[PDB]
Amino acid sequence: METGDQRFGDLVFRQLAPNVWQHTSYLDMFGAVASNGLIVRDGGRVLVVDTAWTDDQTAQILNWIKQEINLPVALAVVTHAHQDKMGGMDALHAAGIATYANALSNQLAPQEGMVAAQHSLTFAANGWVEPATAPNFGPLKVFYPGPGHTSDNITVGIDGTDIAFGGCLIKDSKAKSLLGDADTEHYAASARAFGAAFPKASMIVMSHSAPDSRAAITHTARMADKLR
Ligand SMILES: SC[C@H]1SC[C@@H]2Nc3ccccc3N21
Ligand SMILES: [Zn+2]
Ligand SMILES: [Zn+2]
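Those letters in the sequence shown? Residues 39 to 67, 70 to 218, 221 to 270, per the authors' numbering, in order.
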C-alpha cells in the first residue's frame, strides 16, 4: 500500500493517469500475493484489463467503478488463462459485460479451470491484434509478443498515455527470478517484442510488481536470456 492508494473492500486502486487506474487484488497462498490489472475511462464508458483472482473480488471492481467513475463498463480483456487474470469471469458475465481473450486463452480455459471469455482475439504474424477481432477497443492496443510466461499471454498499450501493460510476462527491475507453463526458449524474444511494440511507453504496468520504467522490460529479457 502507498500514499494515494484507495482501499475498497479488500481491493486496492491507484490512479495512474487522468483516465487510467490500476486495480489490485490479493490471494493467500507464502502469504498474500498481489495481482494487478487496469481500468480505463474512454469517453462515456469504461474498459477493464484482467479480472481479479475471484468472482467476488471482480464484483467489487465493478462496484468501485460505479462509485468512482459511474460509467458503464463496455468490455473487458484478459491477458492469459490463469486464475489471477481470468478467475473472475463469471462476475463480468453476470453483469452483462462483453469479454475478450486470446483465442488460445479461450481454448485453454476449460483445462485451466477458467470460464472462457465470450469473444476471441486473433493476431497477425507481427503480433498485432487483427482489428476485426478487437471491436471498439478504443485506446486499448492489444499485442501478442510471442510465447513467454505462457503460450497465450497478451499485452495491452493504452493509447494517448505513456502506459503499457505487460501482464505476467514482465517483472520489475528488482525481480530476482521470473515458469510452469512457460516457453523458456522464446521468453526473452517475447519480452523484447513487447518493448518494441510500445516504444514510447514510459510506465510499465505488470501483474505482480508495482509500475516500473522501461528497465523492467530489459531486465526481464536479460533474466530470460539465462534460461536458454
Ligand atoms: S501467473 C498465475 C498465478 S495463479 C497461481 C500461480 N502461482 C503463483 C504464485 C505467485 C504469483 C503468481 C502465481 N500464479
Ligand atoms: Zn500466469
Ligand atoms: Zn500472474
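Yeah, the Cβ is synthetic: ideal placement off N, Cα and C, and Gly gets one too.
Beta-carbon contacts of residue i that lie in its chain and below 6 Å, excluding the five residues immediately before and after
| i | result |
| --- | --- |
| residue 245 | 202, 203 and 253 |
| residue 131 | 95, 98 and 99 |
| residue 283 | Here the chain covers residues 39 to 270 and nothing more, so residue 283 does not appear. |
| residue 142 | 161, 192 and 194 |
| residue 258 | 210, 212, 213 and 246 |
| residue 152 | 121 |
| residue 44 | 51 |
Option in the options with minimal Cα separation from residue i
| i | options | result |
| --- | --- | --- |
| residue 174 | 183, 90, 168 and 161 | 161 |
| residue 248 | 207, 164, 176 and 127 | 207 |
| residue 150 | 229, 120 and 188 | 120 |
| residue 233 | 50, 199, 148 and 194 | 194 |
| residue 262 | 243, 239, 188 and 192 | 188 |
| residue 159 | 211, 168 and 147 | 147 |
| residue 91 | 190, 185, 166 and 63 | 63 |
| residue 183 | 237, 153 and 218 | 237 |
| residue 67 | 89, 124 and 77 | 124 |
| residue 68 | 186, 251 and 256 | Inspection of the chain shows residue 67 followed directly by residue 70; residue 68 is thus not represented. |
| residue 42 | 264, 49 and 53 | 53 |
| residue 57 | 111, 75 and 118 | 111 |
| residue 115 | 88, 154 and 164 | 88 |
| residue 165 | 126, 260 and 235 | 235 |
| residue 155 | 129, 60 and 51 | 129 |
| residue 169 | 218, 239 and 243 | 239 |
| residue 265 | 50, 242, 216 and 256 | 216 |
| residue 205 | 74, 157, 93 and 250 | 250 |
| residue 55 | 181, 268, 172 and 199 | 199 |
| residue 157 | 78, 127 and 40 | 127 |
| residue 229 | 172, 60 and 267 | 267 |
| residue 176 | 113, 133, 231 and 218 | 113 |
| residue 218 | 243, 242, 260 and 241 | 260 |
| residue 72 | 243, 79, 59 and 39 | 39 |
Bridge-paired residues (DSSP) for residue i
| i | result |
| --- | --- |
| residue 213 | Looking at the DSSP assignment, residue 213 forms no beta bridge with any residue, so it has no partner. |
| residue 181 | 197 |
| residue 71 | None, per the DSSP bridge assignment. |
| residue 248 | 207 |
| residue 77 | 61 |
| residue 169 | 163 |
| residue 220 | Here residue 220 is not present, the numbering of the chain passing from 218 to 221 in one jump. |
| residue 45 | 50 |
| residue 82 | 85 |
| residue 66 | 72 |
| residue 254 | 246 |
Close Cβ partners of residue i (< 7 Å) along its chain, the five nearest in sequence each way excluded
| i | result |
| --- | --- |
| residue 191 | 144 and 225 |
| residue 163 | 169, 170 and 184 |
Cβ neighbours of residue i in the same chain (closer than 8 Å, five flanking residues each side left out)
| i | result |
| --- | --- |
| residue 48 | 63, 64, 97 and 100 |
| residue 93 | 63, 64, 65, 75, 123, 124, 127 and 128 |
| residue 167 | 183, 184, 185, 186, 235 and 239 |
| residue 118 | 89, 90, 91, 125, 126, 129, 139, 140, 141, 145 and 157 |
| residue 270 | 226, 227 and 230 |
Near ligand 5: residue i beta-carbon under 6 Å from a heavy atom
| i | result |
| --- | --- |
| residue 228 | You won't find ligand 5 in this model; what it holds is ligand 1, ligand 2 and ligand 3. |
The region 82-101 in contact with the region 223-241 per 3-pair CB rule at 8 Å: no
With contact counted as at least three CB pairs below 8 Å, one residue from each stretch, are the region 103-111 and the region 130-147 in contact? no
Which runs of the alpha helix (DSSP H) at least 4 residues long sit entirely within the region 94-144? Give them in chain order. 95-108, 123-126 and 129-134
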